[PDB]
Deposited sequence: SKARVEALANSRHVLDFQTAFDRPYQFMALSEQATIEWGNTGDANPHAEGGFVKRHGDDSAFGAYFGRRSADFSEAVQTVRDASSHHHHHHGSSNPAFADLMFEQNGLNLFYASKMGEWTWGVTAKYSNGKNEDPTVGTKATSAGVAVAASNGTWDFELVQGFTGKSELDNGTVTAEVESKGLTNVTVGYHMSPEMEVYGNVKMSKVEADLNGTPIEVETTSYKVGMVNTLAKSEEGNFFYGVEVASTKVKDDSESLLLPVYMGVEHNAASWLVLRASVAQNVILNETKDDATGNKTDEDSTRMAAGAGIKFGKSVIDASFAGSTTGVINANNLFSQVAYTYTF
(Lines of atoms letter the chains of each structure in order from A and count residues from 1; the text may use other names and numbers.)
(Lines give C-alpha, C1' and ligand atoms only; values in the text may rest on other atoms or scores of the structure.)
Protein backbone atom coordinates (compact mmCIF):
# COMPACT_ATOMS: atom_id res chain seq x y z
CA UNK A 1 0.00 0.00 0.00
CA UNK A 2 0.99 3.65 -0.37
CA UNK A 3 0.69 4.19 3.38
CA UNK A 4 2.86 1.15 4.09
CA UNK A 5 5.62 2.44 1.81
CA UNK A 6 5.35 5.95 3.27
CA UNK A 7 5.50 4.85 6.92
CA UNK A 8 8.79 3.09 6.14
CA UNK A 9 10.16 6.26 4.46
CA UNK A 10 10.64 4.64 1.03
CA UNK A 11 13.30 2.40 2.50
CA UNK A 12 14.38 0.92 -0.89
CA UNK A 13 14.47 -2.46 0.87
CA UNK A 14 10.67 -2.73 1.04
CA UNK A 15 8.92 -5.23 -1.23
CA UNK A 16 5.41 -4.01 -2.02
CA UNK A 17 2.95 -3.66 -4.88
CA UNK A 18 3.54 0.09 -5.08
CA UNK A 19 7.33 -0.34 -5.26
CA UNK A 20 7.30 -2.83 -8.18
CA UNK A 21 5.90 -0.51 -10.89
CA UNK A 22 9.52 0.77 -11.26
CA UNK A 23 11.12 -2.56 -10.38
CA UNK A 24 9.02 -5.08 -12.33
CA UNK A 25 11.21 -8.06 -11.40
CA UNK A 26 9.59 -7.71 -7.97
CA UNK A 27 6.26 -8.84 -9.43
CA UNK A 28 7.80 -12.32 -9.56
CA UNK A 29 8.95 -12.12 -5.92
CA UNK A 30 5.60 -10.78 -4.69
CA UNK A 31 2.58 -12.93 -3.94
CA UNK A 32 -0.70 -13.09 -5.83
CA UNK A 33 -2.61 -10.07 -4.53
CA UNK A 34 -5.52 -7.77 -5.40
CA UNK A 35 -5.12 -4.16 -4.11
CA UNK A 36 -7.55 -1.15 -3.89
CA UNK A 37 -6.61 2.41 -2.70
CA UNK A 38 -9.57 4.41 -1.30
CA UNK A 39 -10.27 7.74 -2.99
CA UNK A 40 -12.36 9.84 -5.36
CA UNK A 41 -13.00 9.92 -9.09
CA UNK A 42 -12.00 13.43 -10.14
CA UNK A 43 -8.76 15.31 -9.47
CA UNK A 44 -8.95 14.60 -5.75
CA UNK A 45 -6.40 13.45 -3.18
CA UNK A 46 -6.38 10.52 -2.58
CA UNK A 47 -7.34 9.19 -6.02
CA UNK A 48 -9.07 5.86 -6.53
CA UNK A 49 -6.71 3.12 -7.68
CA UNK A 50 -6.71 -0.64 -7.93
CA UNK A 51 -5.16 -3.62 -9.63
CA UNK A 52 -4.09 -7.23 -9.35
CA UNK A 53 -1.14 -9.53 -9.95
CA UNK A 54 -1.39 -13.24 -10.77
CA UNK A 55 1.02 -16.07 -11.63
CA UNK A 56 0.97 -17.77 -15.04
CA UNK A 57 2.11 -21.24 -14.02
CA UNK A 58 5.24 -21.20 -11.88
CA UNK A 59 7.64 -18.89 -13.74
CA UNK A 60 5.53 -15.98 -15.04
CA UNK A 61 3.44 -13.20 -13.56
CA UNK A 62 0.96 -10.80 -15.17
CA UNK A 63 -1.37 -8.08 -13.94
CA UNK A 64 -2.92 -4.68 -14.52
CA UNK A 65 -3.64 -1.48 -12.56
CA UNK A 66 -6.29 1.29 -12.84
CA UNK A 67 -5.85 4.94 -12.02
CA UNK A 68 -2.13 5.34 -11.31
CA UNK A 69 -0.86 8.89 -11.85
CA UNK A 70 2.67 9.82 -12.52
CA UNK A 71 4.55 12.22 -10.19
CA UNK A 72 6.74 13.91 -12.85
CA UNK A 73 3.59 14.71 -14.90
CA UNK A 74 1.22 15.73 -12.10
CA UNK A 75 3.93 17.92 -10.56
CA UNK A 76 4.62 19.83 -13.80
CA UNK A 77 0.90 20.23 -14.50
CA UNK A 78 0.39 21.56 -10.97
CA UNK A 79 3.31 23.97 -11.40
CA UNK A 80 1.80 25.38 -14.59
CA UNK A 81 -1.71 25.34 -13.08
CA UNK A 82 -1.13 28.06 -10.45
CA UNK A 83 0.74 30.60 -12.57
CA UNK A 84 -5.49 28.02 -16.58
CA UNK A 85 -6.59 25.92 -13.57
CA UNK A 86 -8.41 23.54 -15.95
CA UNK A 87 -5.21 21.95 -17.40
CA UNK A 88 -5.57 18.14 -17.02
CA UNK A 89 -3.77 15.34 -15.11
CA UNK A 90 -3.44 11.73 -16.27
CA UNK A 91 -7.00 10.75 -17.07
CA UNK A 92 -7.32 6.99 -17.51
CA UNK A 93 -4.05 5.57 -16.24
CA UNK A 94 -3.58 2.02 -17.51
CA UNK A 95 -0.65 -0.10 -16.29
CA UNK A 96 0.13 -3.47 -17.64
CA UNK A 97 3.11 -5.45 -16.40
CA UNK A 98 4.70 -8.87 -16.78
CA UNK A 99 7.63 -10.71 -15.23
CA UNK A 100 9.39 -14.05 -15.88
CA UNK A 101 12.34 -16.09 -14.47
CA UNK A 102 15.06 -16.84 -17.11
CA UNK A 103 17.23 -19.22 -15.01
CA UNK A 104 18.83 -17.33 -12.10
CA UNK A 105 17.86 -13.91 -13.56
CA UNK A 106 14.35 -12.50 -13.06
CA UNK A 107 13.22 -9.72 -15.43
CA UNK A 108 10.07 -7.66 -15.84
CA UNK A 109 8.47 -4.82 -17.77
CA UNK A 110 5.65 -2.39 -17.00
CA UNK A 111 3.82 -0.19 -19.50
CA UNK A 112 1.77 2.94 -18.78
CA UNK A 113 -0.86 4.56 -20.99
CA UNK A 114 -3.28 7.43 -20.37
CA UNK A 115 -5.62 9.49 -22.54
CA UNK A 116 -8.45 11.93 -21.97
CA UNK A 117 -9.96 15.01 -23.54
CA UNK A 118 -12.69 17.65 -23.28
CA UNK A 119 -13.82 19.38 -26.48
CA UNK A 120 -16.31 21.81 -24.95
CA UNK A 121 -15.60 25.41 -26.18
CA UNK A 122 -15.22 26.69 -22.60
CA UNK A 123 -13.02 23.68 -21.63
CA UNK A 124 -10.38 22.94 -24.26
CA UNK A 125 -8.41 20.22 -22.47
CA UNK A 126 -6.64 17.03 -23.53
CA UNK A 127 -3.92 14.88 -21.97
CA UNK A 128 -1.84 11.95 -23.24
CA UNK A 129 0.82 9.89 -21.44
CA UNK A 130 2.91 6.82 -22.26
CA UNK A 131 6.02 5.15 -20.89
CA UNK A 132 7.76 1.87 -20.13
CA UNK A 133 9.94 0.46 -17.35
CA UNK A 134 12.31 -2.50 -17.75
CA UNK A 135 14.27 -4.16 -14.96
CA UNK A 136 16.30 -7.32 -14.44
CA UNK A 137 17.62 -8.84 -11.23
CA UNK A 138 19.83 -11.65 -10.00
CA UNK A 139 19.41 -11.59 -6.21
CA UNK A 140 22.91 -10.14 -5.80
CA UNK A 141 22.90 -7.61 -8.66
CA UNK A 142 20.07 -5.31 -9.65
CA UNK A 143 19.30 -3.21 -12.73
CA UNK A 144 16.34 -0.96 -13.53
CA UNK A 145 15.35 1.47 -16.26
CA UNK A 146 12.40 3.86 -16.58
CA UNK A 147 11.62 5.61 -19.87
CA UNK A 148 8.90 8.12 -20.68
CA UNK A 149 7.72 8.26 -24.28
CA UNK A 150 5.09 11.02 -24.45
CA UNK A 151 3.53 13.54 -22.09
CA UNK A 152 1.24 16.41 -23.06
CA UNK A 153 -1.48 18.68 -21.70
CA UNK A 154 -3.08 21.52 -23.69
CA UNK A 155 -5.83 24.10 -22.88
CA UNK A 156 -7.18 26.12 -25.89
CA UNK A 157 -10.37 27.91 -24.72
CA UNK A 158 -11.59 31.55 -24.93
CA UNK A 159 -8.27 33.16 -26.09
CA UNK A 160 -6.29 31.30 -23.33
CA UNK A 161 -3.55 28.89 -24.56
CA UNK A 162 -1.44 26.60 -22.27
CA UNK A 163 0.78 23.54 -22.87
CA UNK A 164 3.16 21.24 -20.99
CA UNK A 165 5.27 18.71 -22.90
CA UNK A 166 7.75 16.08 -21.71
CA UNK A 167 10.98 16.20 -23.72
CA UNK A 168 12.55 13.20 -21.97
CA UNK A 169 12.44 11.15 -18.78
CA UNK A 170 15.31 8.79 -17.94
CA UNK A 171 15.78 6.92 -14.67
CA UNK A 172 18.60 4.37 -14.24
CA UNK A 173 19.15 2.42 -11.02
CA UNK A 174 21.87 -0.08 -10.08
CA UNK A 175 21.77 -2.13 -6.89
CA UNK A 176 24.19 -4.50 -5.18
CA UNK A 177 23.45 -6.80 -2.23
CA UNK A 178 26.61 -7.49 -0.23
CA UNK A 179 24.50 -9.59 2.17
CA UNK A 180 20.80 -10.29 2.87
CA UNK A 181 20.97 -7.45 5.43
CA UNK A 182 23.03 -4.71 3.74
CA UNK A 183 22.74 -3.25 0.24
CA UNK A 184 24.15 -0.33 -1.76
CA UNK A 185 22.48 1.41 -4.69
CA UNK A 186 22.94 4.33 -7.10
CA UNK A 187 20.60 6.35 -9.36
CA UNK A 188 20.72 8.97 -12.17
CA UNK A 189 17.53 10.81 -13.28
CA UNK A 190 17.27 13.43 -16.07
CA UNK A 191 14.01 15.32 -16.80
CA UNK A 192 13.65 18.13 -19.40
CA UNK A 193 10.12 19.63 -19.73
CA UNK A 194 9.03 22.71 -21.79
CA UNK A 195 5.73 24.62 -21.38
CA UNK A 196 3.86 27.63 -22.93
CA UNK A 197 1.65 29.62 -20.46
CA UNK A 198 0.18 31.98 -23.14
CA UNK A 199 2.93 32.57 -25.69
CA UNK A 200 5.43 32.65 -22.79
CA UNK A 201 7.89 29.73 -23.24
CA UNK A 202 9.44 28.22 -20.04
CA UNK A 203 11.90 25.29 -19.90
CA UNK A 204 13.17 23.32 -16.90
CA UNK A 205 15.92 20.71 -16.77
CA UNK A 206 16.38 18.55 -13.66
CA UNK A 207 19.40 16.35 -12.95
CA UNK A 208 19.57 14.07 -9.91
CA UNK A 209 22.22 11.75 -8.49
CA UNK A 210 21.76 9.29 -5.65
CA UNK A 211 24.09 6.98 -3.73
CA UNK A 212 22.80 5.11 -0.72
CA UNK A 213 22.89 2.13 1.66
CA UNK A 214 20.31 0.24 3.76
CA UNK A 215 21.37 -2.03 6.69
CA UNK A 216 19.75 -3.58 9.83
CA UNK A 217 20.63 -2.42 13.42
CA UNK A 218 18.38 -4.94 15.23
CA UNK A 219 18.43 -8.41 13.58
CA UNK A 220 15.21 -9.98 14.93
CA UNK A 221 11.90 -11.68 14.02
CA UNK A 222 8.49 -10.03 14.69
CA UNK A 223 10.24 -6.99 13.14
CA UNK A 224 13.56 -5.62 11.85
CA UNK A 225 14.92 -2.19 12.86
CA UNK A 226 16.34 -0.80 9.58
CA UNK A 227 18.60 2.24 9.05
CA UNK A 228 19.80 4.00 5.90
CA UNK A 229 22.30 6.64 4.79
CA UNK A 230 22.07 8.43 1.46
CA UNK A 231 23.70 11.26 -0.50
CA UNK A 232 21.54 13.19 -2.96
CA UNK A 233 22.49 16.08 -5.25
CA UNK A 234 19.82 17.74 -7.38
CA UNK A 235 20.61 20.39 -9.99
CA UNK A 236 17.86 22.41 -11.68
CA UNK A 237 19.37 24.44 -14.51
CA UNK A 238 19.47 28.18 -13.83
CA UNK A 239 17.14 27.80 -10.86
CA UNK A 240 18.80 26.11 -7.88
CA UNK A 241 21.21 23.42 -6.68
CA UNK A 242 20.83 21.04 -3.74
CA UNK A 243 22.98 18.56 -1.84
CA UNK A 244 21.50 16.51 1.00
CA UNK A 245 22.51 13.63 3.28
CA UNK A 246 19.22 12.13 4.49
CA UNK A 247 19.59 9.56 7.28
CA UNK A 248 16.55 7.53 8.29
CA UNK A 249 15.82 4.74 10.76
CA UNK A 250 12.65 2.79 11.39
CA UNK A 251 10.99 -0.53 12.13
CA UNK A 252 8.06 -2.66 10.90
CA UNK A 253 6.69 -4.85 13.73
CA UNK A 254 4.02 -7.58 13.99
CA UNK A 255 2.70 -6.11 17.27
CA UNK A 256 -0.29 -8.52 17.50
CA UNK A 257 -1.93 -11.25 15.32
CA UNK A 258 -4.06 -8.41 13.99
CA UNK A 259 -1.72 -5.41 14.01
CA UNK A 260 1.41 -4.21 12.22
CA UNK A 261 3.07 -1.02 13.45
CA UNK A 262 5.31 1.09 11.21
CA UNK A 263 7.33 4.14 12.22
CA UNK A 264 10.39 6.04 11.04
CA UNK A 265 12.27 9.31 11.56
CA UNK A 266 14.52 11.14 9.10
CA UNK A 267 16.73 14.23 9.08
CA UNK A 268 19.40 15.65 6.78
CA UNK A 269 22.58 15.26 8.83
CA UNK A 270 25.28 17.93 8.31
CA UNK A 271 24.41 18.28 4.61
CA UNK A 272 21.12 20.16 4.19
CA UNK A 273 22.09 23.16 2.02
CA UNK A 274 20.02 24.16 -1.02
CA UNK A 275 21.95 26.98 -2.70
CA UNK A 276 19.86 29.23 -4.95
CA UNK A 277 21.47 30.17 -8.25
CA UNK A 278 21.82 33.75 -9.54
CA UNK A 279 21.82 34.95 -5.92
CA UNK A 280 24.25 32.77 -3.95
CA UNK A 281 21.93 32.64 -0.94
CA UNK A 282 21.67 29.30 0.86
CA UNK A 283 18.91 27.81 3.00
CA UNK A 284 19.36 25.42 5.95
CA UNK A 285 16.12 24.89 7.86
CA UNK A 286 14.89 22.16 10.18
CA UNK A 287 14.26 18.88 8.37
CA UNK A 288 13.36 16.32 11.04
CA UNK A 289 10.24 14.40 10.01
CA UNK A 290 8.38 11.25 10.95
CA UNK A 291 5.79 8.88 9.54
CA UNK A 292 3.56 6.42 11.39
CA UNK A 293 1.11 3.81 10.16
CA UNK A 294 -0.82 0.67 11.00
CA UNK A 295 -1.90 -2.49 9.22
CA UNK A 296 -4.99 -4.34 10.47
CA UNK A 297 -4.92 -8.02 9.53
CA UNK A 298 -7.90 -10.34 9.05
CA UNK A 299 -6.27 -13.43 7.60
CA UNK A 300 -6.10 -12.75 3.86
CA UNK A 301 -7.50 -9.22 4.23
CA UNK A 302 -5.24 -6.36 5.31
CA UNK A 303 -6.28 -2.72 5.74
CA UNK A 304 -3.13 -0.62 5.59
CA UNK A 305 -3.43 2.98 6.72
CA UNK A 306 -1.44 5.86 8.16
CA UNK A 307 -2.13 7.57 11.47
CA UNK A 308 -3.95 10.76 10.55
CA UNK A 309 -2.80 12.65 13.63
CA UNK A 310 0.92 11.81 13.65
CA UNK A 311 1.85 15.31 12.45
CA UNK A 312 0.16 16.96 15.45
CA UNK A 313 1.16 14.06 17.72
CA UNK A 314 -2.50 13.51 18.65
CA UNK A 315 -4.40 10.31 17.97
CA UNK A 316 -8.09 10.11 18.84
CA UNK A 317 -11.44 9.30 17.24
CA UNK A 318 -11.42 12.36 14.97
CA UNK A 319 -7.87 11.52 13.74
CA UNK A 320 -7.42 7.75 13.52
CA UNK A 321 -6.77 6.45 9.98
CA UNK A 322 -6.10 8.18 6.66
CA UNK A 323 -4.67 7.06 3.32
CA UNK A 324 -6.50 3.74 3.53
CA UNK A 325 -5.83 0.75 1.28
CA UNK A 326 -7.31 -2.74 1.08
CA UNK A 327 -5.36 -5.83 -0.07
CA UNK A 328 -6.66 -9.40 -0.66
CA UNK A 329 -3.97 -12.12 -0.94
CA UNK A 330 -5.43 -15.12 -2.87
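Colleague: Which parts of the deposited sequence have no C-alpha atoms in the model?
Modeller: Deposited residues absent from the model fall in 84-97 alone.
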